[PDB]
Amino acid sequence: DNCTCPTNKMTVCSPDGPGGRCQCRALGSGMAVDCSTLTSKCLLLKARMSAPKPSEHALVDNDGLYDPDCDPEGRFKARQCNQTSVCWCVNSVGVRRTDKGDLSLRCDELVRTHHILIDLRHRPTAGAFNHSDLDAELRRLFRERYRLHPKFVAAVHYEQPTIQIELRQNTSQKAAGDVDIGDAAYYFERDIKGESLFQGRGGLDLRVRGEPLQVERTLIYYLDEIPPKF
Amino acid sequence: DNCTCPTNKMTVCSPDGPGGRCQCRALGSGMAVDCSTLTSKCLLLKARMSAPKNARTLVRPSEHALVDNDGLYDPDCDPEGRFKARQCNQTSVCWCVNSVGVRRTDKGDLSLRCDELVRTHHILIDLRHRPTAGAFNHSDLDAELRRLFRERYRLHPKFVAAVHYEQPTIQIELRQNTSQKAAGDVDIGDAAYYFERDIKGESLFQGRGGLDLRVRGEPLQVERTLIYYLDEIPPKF
Amino acid sequence: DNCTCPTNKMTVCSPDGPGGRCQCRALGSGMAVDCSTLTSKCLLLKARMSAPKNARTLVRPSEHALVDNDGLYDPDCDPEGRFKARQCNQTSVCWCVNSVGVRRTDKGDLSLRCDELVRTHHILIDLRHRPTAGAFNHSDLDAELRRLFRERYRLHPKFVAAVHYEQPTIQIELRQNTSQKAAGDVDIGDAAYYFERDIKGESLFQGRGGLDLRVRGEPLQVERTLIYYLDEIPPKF
Amino acid sequence: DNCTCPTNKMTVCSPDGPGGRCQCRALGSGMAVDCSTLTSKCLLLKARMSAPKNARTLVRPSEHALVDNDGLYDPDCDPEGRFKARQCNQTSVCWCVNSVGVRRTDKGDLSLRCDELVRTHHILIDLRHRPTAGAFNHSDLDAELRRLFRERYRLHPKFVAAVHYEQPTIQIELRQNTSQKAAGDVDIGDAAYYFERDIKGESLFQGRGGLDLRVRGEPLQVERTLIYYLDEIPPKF
């Protein structure tokens, strides 16, 4: 009864559907969105890279960001070109998994990313956190906030400052509508850097047993079912 | 209440959104759809061919099989839902299209550049109806055809240039420059598509299957159909 | 009975023959017609494509217009009623067709030579029907589509290769090589056409005129129909 | 009084020095750090890649894992803190880099030499901010992005070439030639880097976690960032 899209703020909803039914479409892609679970990373990248329309010419760092082509199911397309003739292949996370080729390039399958290492560093505290609670609370987080099944958070390590979350999802084990670790990860990263994609609960508090857990560095490593070809 | 997309049957809805909210998406395209007005031709062409996901007793049309309509094809649509100016389907064959999606140029290679999406501004729909003992009154035809675009196809009555009528063969002119298209005016390309799809009994409306098309009580059954598209820029062949 | 051609409505019958005999000629072709079985597609296309003359009020579409003719055209038909292997419309542009009449070669000039009438031996009819609450009993469906082509379109059961079924989309495979078609075996390409025309509500039968198309009582309404044509020799493009 | 390195949080202090003297050192490099001005970019990359000494429950990213950013790496930094003009990471893969860190030549082998540290004299900072009902006033924005670089990133005014503003977009240009960079003048490369890290929520300053960016009171959040580096010598690809 309120034309909002909680799970994806990168969208335009307006109650112009039959009877006031809230219609809501993805920003940049134009695709339909499901405001009950996570939106695919590919369509969220399409939003980031809207590209409405002064110039320069240089060398450039972009953080690996670009406007991808996403299939009807909203995942990445195996082949991915951004400039005119530079093309390559990507994994389910849409990172480059080959040497940039030419417009003839042949990518034959979307190689699944099945393991993701999230290494977080946290603002050191006088008293480090209880491993038990830190684990318990990170597992809750992925379960409740990112709607990821507990069976896909493989492990949660904890030493002084650096924290690590391992995610495992083979293709053999992802069923209908299971949220992808690819996307759970991305929602986490956005949250961590304070750009939460959630339209209404915006903000990652992330406090363990009351004490807040500020994160200072974040690195994410994608392991694919097939090793890249460089 | 009930998940319907009454302006585009070629969709998939369900009450699976926030607090039961009816979500609904475009078959094949996977794109978002406005269930309160017409859907862009492109989003509907994508839905037509549509490659069912797991065929699973089914068979796929052969590499060498061919259909009655050369021009039929699975297009690529931009985020606004209109045809991308350039349309490659074959491995290394590209072309440019107009706003209505038909081919404007000689087929090409993957280096091709289509600079703008040339606008189709005039459309000519050339129906022929299975004869009755006589003809009808042109008056009643113009009235009815203009009423259909006006109510059913939600096309502002200013964009029906003319209706012509002779022994049997009927004609409907549509005119819409890009200057005269306001916010959310339905396109004539879209209205025309909906019309033909209905004329040929693959209606895209929820409750309907075809076009009734009765004039002053007498039903009007349509044997032939021809739809000529005129572009602002003439096609380079 | 009465001067009626039950298998082809696109005709004029009158009892102007010897001793009030019923003579009946085919509209647009002028060809004879066998009112006991299906007429050839080529002759039915000719009927649809009359294109009457003298065009008083009607507008001539454009010099610079693109055509959406659904592949339809006025074909030339050999004295037996099959498609001429060489087809040229509107003048001076030609191509070769197959037994079903679709283009099989790149368009050509008035020197083009079409060796033979390459046969269409496999027809895939992909249907899609109005989703019900559930599905139908596959058995009953396959039984009723087999019965339909057998009784209605007078096609021999041995030519309906398969009948597949899933959620909504329904497929019907027909296979008739040249090596296996006898004298007065109705063609698959013709039964196909008769099917499509009935599917899209423009029945060709003079006196039934209705595809009830119900399976175990529940009616089967068809939302989308694609027909794929596989030739005994691949096309040359 | 309190062991704190406000200008670089990626370090380790302690009062283990002469008479309790606070001693502090950059993570991952073990280099000395000026806790009053910016630390060099090279020294920061080094600390991003720290790989803590013994994991000892932790795991190490595989030899095959990749990251989002192909140009993140662990650089070698000269004893002054700037990048070594030649960088290998792989077993047998070396290239050359600019004053800011990015590969400016083809990827060579272990007998590849690089014969100067090619300066980066002009940087383009492109930012897109999250939409608001309307724009800002270009007089306020420039008044602040110049005040921000001035005080926080401790960069001398005369090096902010320009501040632009288009539809959401904010161009910031930075110029610093070798001939204008005096001693203890913070490099632009190291102000540009500190900026992005704040823009993108990995701020390097002790107190802060991100960048507040309130122009006249309205907070400026930033969905997209693009940074373009121009080198005095053009890159030999």
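Calculation criteria
- Residues numbered from 1 in each chain as written, not as in the entry; some residues may be left out.
- Chains lettered and ligands numbered in written order.
- Heavy atoms only, no water.
- Domains from an automatic or database assignment.
- Contact = heavy atoms within 4.5 Å.
- Buried area = accessible area lost by both parts, 1.4 Å probe.
- Helix = DSSP H or I, 4+ residues; strand = E, 2+ residues; numbered from the N terminus.
- Expected span 1.5 Å × (residues − 1).
- Buried < 20%, exposed > 50% of the residue type's maximum accessible area, 1.4 Å probe, protein only.
- Pairing = 2+ DSSP bridges.
- Axes fitted to C-alpha atoms, helices over the stretch in contact; angles between N-to-C directions.
- Disulfide = S-S within 2.5 Å.
- Salt bridge = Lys/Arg side-chain N within 4 Å of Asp/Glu carboxyl O.
- Polar contact = N/O pair within 3.5 Å; in protein donor to acceptor, adjacent residues only side chain to side chain.
- Nonpolar A, V, L, I, M, F, W, Y, C, P; charged D, E, K, R; others polar.
- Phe/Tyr/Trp six-rings, centres within 6.5 Å; stacked < 30°, edge-to-face > 60°.

Judging from the entry metadata, X-ray crystallography is the method by which this structure was determined, and 3.20 Å is the reported resolution.

Caption draft 1: Quick peek at the domain arrangement of chain A. All names here are of chain A. When cut into domains, chain A gives domain 1 (1-38), domain 2 (39-111) and domain 3 (112-230). For domain 2 versus domain 3, the separation of C-alpha centres amounts to 24 Å. Domain 2 puts 17 residues into the contact, and the matching count from domain 3 is 14 residues. When domain 2 packs against domain 3, the two sides together hide about 1500 Å² of surface, and 51% of this comes from carbon and sulfur.

Caption draft 2: Summary view of helix 2 (residues 131-144) of chain A. All names here are of chain A. Taking 1.5 Å per residue, 14 residues should reach 20 Å; helix 2 reaches 20 Å between its end C-alpha atoms and fits that length. Buried residues of helix 2: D133, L134, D135, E137, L138, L141 and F142, and no others. Buried positions along helix 2 lie against strand 6 (113-122), strand 7 (153-158), strand 8 (163-168), helix 3 (181-192) and strand 9 (207-208).

Caption draft 3: Local environment of the sheet that holds strand 4 (residues 162-165) of chain B. Across the sheet, which stays open at both edges, the five strands sit in the order 4(B)-5(B)-3(B)-8(B)-3(C) with antiparallel pairing between neighbours. With one partner strand each, in any of the chains shown, strand 4 of chain B together with strand 3 (65-68) of chain C form the two edges of the open sheet. Ignoring which end each strand starts from, the neighbouring axes of this sheet average 20° apart. Pairing of strand 8 (residues 222-231) of chain B with strand 3 of chain C involves four bridges; the strand directions are antiparallel. Its bridge partner lying in strand 3 of chain C, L230 of chain B is registered against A65 of chain C.

Caption draft 4: Structural context of the state of the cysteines. Residues and elements named next belong to chain C. On inspection of all chains with the given rule, the structure shows 24 disulfides over all chains. Each sulfur of the disulfide joining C13 and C24 lies 2.0 Å from the other. Here the S-S torsion is close to -75°, and the disulfide linking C13 with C24 is therefore left-handed. Of this pair, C13 sits in strand 1 (residues 11-17) while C24 sits in strand 2 (residues 21-26), placing them 11 residues apart in sequence. Grouping residues by exposure puts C13 and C24 together as buried. With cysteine numbering restricted to those in disulfides and following the sequence, chain B has the pairing 1-4, 2-6, 3-5, 7-8, 9-10, 11-12.

Caption draft 5: Representation of the interface of chain A and chain D. Listed as interface residues are 47 residues of chain A and, on the opposing side, 49 residues of chain D. Between chain A and chain D, roughly 4300 Å² of surface is buried when both sides are summed, and carbon and sulfur atoms account for 53% of that area. Summed over the shared surface of chain A and chain D, the number is four salt bridges. Viewed at the interface, chain D and chain A are joined by 19 residue pairs in polar contact. Listing elements by their share of the side of chain A that touches chain D, those giving two or more residues are helix 1 (41-48), strand 3 (59-61), strand 6, strand 7, strand 8 and strand 11 (215-224) of chain A. Classifying every residue of the side of chain A that touches chain D gives 20 nonpolar, nine polar and 18 charged. Sheet topology note: the strand 3 of chain A/strand 10 (residues 222-231) of chain D ladder contains three bridges and is antiparallel. Within the sheet, the bridge partner assigned to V60 of chain A lies in strand 10 of chain D and is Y228 of chain D.

Caption draft 6: Structural view of the packing of aromatic side chains. For the structure on display, the rule yields 27 aromatic pairs over all chains. Judged by centre distance (5.5 Å) and plane angle (65°), the rings of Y187 of chain A and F198 of chain A are edge-to-face. In this pair, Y187 of chain A is assigned in helix 3 and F198 of chain A in the loop between helix 3 and strand 9, connecting sequence segments 11 residues apart. On the basis of relative accessible area, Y187 of chain A is assigned to the buried category, the value being 0%. On the basis of an interplanar angle of 35° and a centroid distance of 6.2 Å, the ring pair of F136 of chain B and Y165 of chain B is categorised as tilted. Placement of the pair is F136 of chain B in the loop between strand 3 (120-129) and helix 2 (138-151) and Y165 of chain B in strand 4, with a sequence separation of 29 residues.

Caption draft 7: Broad picture of the sheet that holds strand 5 (residues 120-129) of chain D. In space, the five strands of this open sheet follow the order 3(A)-10(D)-5(D)-7(D)-6(D), with antiparallel pairing throughout. Bordering the open sheet on either side are strand 3 of chain A together with strand 6 (160-163) of chain D, each of which pairs with just one other strand. The sheet shows a mean angle of 20° between the axes of neighbouring strands, taken without regard to direction. Bridge count between strand 5 of chain D and strand 10 of chain D: nine bridges; the pairing is antiparallel. Opposite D126 of chain D, over in strand 10 of chain D, you have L226 of chain D as the bridge partner.

Caption draft 8: Molecular detail of the interface of chain B and chain C. Contact with chain B, which involves 56 residues of that partner, is made by 49 residues of chain C. Interface of chain B and chain C: buried area, both sides summed, is about 4700 Å²; carbon and sulfur atoms make up 57% of it. At the surface where chain B touches chain C, the tally comes to five salt bridges. Residue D70 of chain B is joined to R103 of chain C by a salt bridge in which the shortest nitrogen-to-oxygen separation is 3.2 Å. Between the two partners, chain B and chain C, sit 22 residue pairs in polar contact. For the side of chain B that touches chain C, the secondary structure elements donating two or more residues are helix 1 (41-49), strand 3, strand 4, strand 5 (170-175) and strand 8 of chain B. Of all the elements, strand 8 of chain B adds the most residues to the side of chain B that touches chain C, at 10 residues. Considered class by class, the residues forming the side of chain B that touches chain C number 23 nonpolar, 13 polar and 20 charged.

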